[PDB]
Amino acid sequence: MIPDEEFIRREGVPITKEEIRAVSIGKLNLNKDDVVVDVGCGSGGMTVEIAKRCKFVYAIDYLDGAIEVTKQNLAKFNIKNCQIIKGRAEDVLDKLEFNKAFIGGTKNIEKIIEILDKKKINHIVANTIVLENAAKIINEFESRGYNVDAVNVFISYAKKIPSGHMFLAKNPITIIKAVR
């Protein structure tokens, strides 16, 4: 499944649009034995979709608002597959046993990627709207022996205006898949 209007949102807290999560989910190639860390503090959209397809998910979020909404969404789809961990991913990550990672939002991508790598995490998906990060992540992963597959995705949404349908875009996003 997937839908977007059936997610509990909250001003100040971002949510991945449906089409983006559909692509990002696919890149993770999730199965029943995957234990996934989901970094970067959002509303829970990706968390739920990941929870629904794997063994267990850690949602690492560092801001209160995000934790709260994710929590509500978790409640809302009856997810018992998931632990929300408040804090910096770089402080937490060492302590966990997992085999895949999705990274959204996040600070210290350079720290996280290095920890991921040395924890022998051999399948990672990262989304970024930022040019410098897209550049970092792709080169960081290729140097650390991953084969990298990145796509820039620019979605625009039909909106009716007096003359007909215009397409409303906001920001393109880079979705990066590193497997090793």
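Sequential numbering from 1, following the sequence displayed.
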As the entry reports it, the stretch among 12 to 20 and 156 to 164 with higher mean C-alpha B factor is 12 to 20
Can you let me know which of the two, 57 to 65 or 126 to 134, has the higher average C-alpha B-factor in the entry?
-> 57 to 65
Grab the CA temperature factor for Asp38 from the record and place it in the lowest, middle or highest third of its chain.
-> middle
Temperature factor at the Cα of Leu74, chain-ranked in thirds, falls in the highest
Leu96 - which third its CA temperature factor falls in, relative to the rest of the chain | middle
CA B-factor ranking of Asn139, expressed as a third of its chain | lowest
Chain-relative C-alpha B factor for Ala89 (record values, thirds): the highest
